[PDB]
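> below: the sequence, then the experimentally determined structure.
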Amino acid sequence: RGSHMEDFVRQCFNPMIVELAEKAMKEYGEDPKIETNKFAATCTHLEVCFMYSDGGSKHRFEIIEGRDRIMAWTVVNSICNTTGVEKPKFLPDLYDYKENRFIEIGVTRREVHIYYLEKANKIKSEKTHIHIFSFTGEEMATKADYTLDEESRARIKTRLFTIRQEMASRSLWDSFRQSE
Ligand SMILES: O=C(NCCc1ccncc1)c1[nH]c(Cc2ccccc2C(F)(F)F)nc(=O)c1O
Ligand SMILES: [Mn+2]
Ligand SMILES: [Mn+2]
């Protein structure tokens, strides 16, 4: 109670994104007032997912992140029973109707190579596409098929660096980076 991180989070991100992040953390037994770096992280991942689905065509993506566990798994079951895609063991973030595959979006404060290595080991199922962004401006996608336009990806990286600058100007960036 009283953290600068919580107030900055609720100020820097959009009210719907803050509400969704709060519902998610509470759904997973996590306190946004005590685990405030993770509050920021959930909000950032949520905004990156929304931006990512805003790129590309109109009907292209199905958003999985942001829903509650049960409804997200229901939509996943529908996607699988519709397209015949292998049911992912763990919840992805998006589904691409154009490339016909699930998408796992990563946002890390560490080296992108490491984070993708970790997430690729965790998923193991070599069917789901994996796309990592970084707060330094780096990105890395499975097969190096980055799915979206260059402009749409550049927008996301710019937003990430803006978040990083806003945290640094308030002296919460060191803690955020070392928290991962
Ligand atoms: O989907 C995700 N979580 C789904 C479950 C969940 C959602 C929101 N709140 C709590 C639970 C997800 N989580 C992360 C960060 C992370 C990584 C490993 C374990 C736990 C977490 C965290 F912080 F979320 F608990 N990075 C991603 O890229 C990503 O997709
Ligand atoms: Mn997710
Ligand atoms: Mn993700």
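Perfect, I can see it now. Residues are numbered from 1 along each chain as shown. Ligands and ions are numbered 1, 2, ... in the order given.
> what parts of the protein come near ligand 1?
Proximity of the chain to ligand 1, by C-beta under 6 Å from any ligand atom, involves residues 24, 25, 28, 38, 41, 42, 45, 65, 91, 93, 105, 106. (Each C-beta comes from the backbone N, C-alpha and C, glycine too.)
> quick check: PyMOL command selecting the buried ones in the residues you listed.
Applying 16 or more other C-beta atoms under 10 Å to the residues of the chain next to ligand 1, the buried members can be selected in PyMOL as follows:
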select buried, resi 24+25+38+41+42+45+65+93+105+106
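> near ligand 3, list only the ones from the residues of the chain next to ligand 1.
For ligand 3, the contacts drawn from the residues of the chain next to ligand 1 by C-beta under 5 Å from the ion are 93, 105.
> redo the residues of the chain next to ligand 1 as a markdown table? Include secondary structure.
Converted to a markdown table, these look like this (DSSP: H, G, I helix; E, B strand; the rest coil):
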| residue | secondary structure |
| --- | --- |
| 24 | helix |
| 25 | helix |
| 28 | coil |
| 38 | helix |
| 41 | helix |
| 42 | helix |
| 45 | helix |
| 65 | coil |
| 91 | coil |
| 93 | coil |
| 105 | strand |
| 106 | strand |
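> any idea which of the residues of the chain next to ligand 1 is closest to residue 176?
residue 41 (8.0 Å; C-beta to C-beta).
> which residues touch the residue most central in space within the chain?
Taking C-alpha atoms, centre = their mean, the centroid of the chain lies closest to residue 45, which sits 3.0 Å from it. For residue 45, the contact set (C-beta atoms under 8 Å, 6 or more residues apart in numbering) comprises 65, 105, 107.
> name the nearest of those relative to ligand 2.
Using C-beta to the ion, the shortest approach to ligand 2 within these belongs to residue 65, at 4.3 Å.
> what comes into contact with stretch 31-42?
Contacts of stretch 31-42 (C-beta under 8 Å, 6+ apart): 1, 3, 5-6, 8-9, 21-22, 24-26, 30, 107, 167, 175-176, 179-180.
> I'd say residue 57 and residue 98 touch.
Yes - in this structure, residue 57 is within contact of residue 98 by C-beta atoms under 8 Å, at 6.9 Å.
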